[PDB]
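First comes one chain, alone, set out as structure tokens in the form deposited in one PDB entry.
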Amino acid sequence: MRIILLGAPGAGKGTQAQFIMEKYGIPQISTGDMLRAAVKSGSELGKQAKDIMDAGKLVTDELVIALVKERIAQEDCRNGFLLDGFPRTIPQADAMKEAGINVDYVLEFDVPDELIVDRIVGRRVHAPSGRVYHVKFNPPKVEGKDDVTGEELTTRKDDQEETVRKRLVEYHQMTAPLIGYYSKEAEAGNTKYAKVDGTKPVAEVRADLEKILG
């Protein structure tokens, strides 16, 4: 199974990606996680992203297409994969088309803009895994600790309110057009498309996605 998650920043995509990875046995491919890891490690492919992410802007198409091509070539993607944060522009989606990378589901997470800041400012992450929590809305079992490893959670450098506002503007200009892009693909029979209400509690969104993925 191959799945794309679409939605504004803070819509819940990374939260739900974890459940889909676990239940369907496919890896999550998160360009944000890969970029943050490349900055942290000083990796030649991606360390360049540091100041751009800090600005709330998208990284160039060529850099993330290369990160995704490298990641998806790996053995763990043989049986499918979930794309979380990619594609993020029409040229990224067209690069997938040109590579012959068909997908089975495109899942759009709908959340009103007015909920985004208060979600992201409360976000806490386990950087090695990508697991995400929220200090009020979805807290870890033990404060500041990853439920799975017990390691100390961190706060992303790009999650302050003003940076979130900039990322939401960028999303609306550059990334929202992918809704129509994939709706058109679905009408051609090349994927399924489904929209979920991302305002429901975490477990209810998970159940709605299970109804769709079968």
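Between two forms, the rigid core is defined as the largest C-alpha subset superposing within 1.5 Å. Position 1 is the first residue in the sequence shown; the rest follow in order. Only residues modelled in both forms are compared.
Although not depicted, the form deposited in another entry is the subject of the following passage.
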- prompt: Which residue in 60, 41, 160, 173 stands out, with a C-alpha shift of 2 Å or more between the shown form and the other one when both forms are set on the rigid core?
  reply: 41
query: Relative to what is shown, are the Cα atoms of residue 52 and residue 45 closer or farther apart in that other deposited form, where the gap shifts by 3 Å or more?
result: closer
task: Taking the shown form as the reference, report whether the CA atoms of residue 97 and residue 44 lie closer or farther apart in that other deposited form; the distance changes by 3 angstroms or more.
output: farther
query: In sequence order, what are the runs of three or more consecutive residues whose Cα atoms each shift by at least 2 Å between the shown form and the other one, relative to the rigid core?
result: 41-48, 127-130
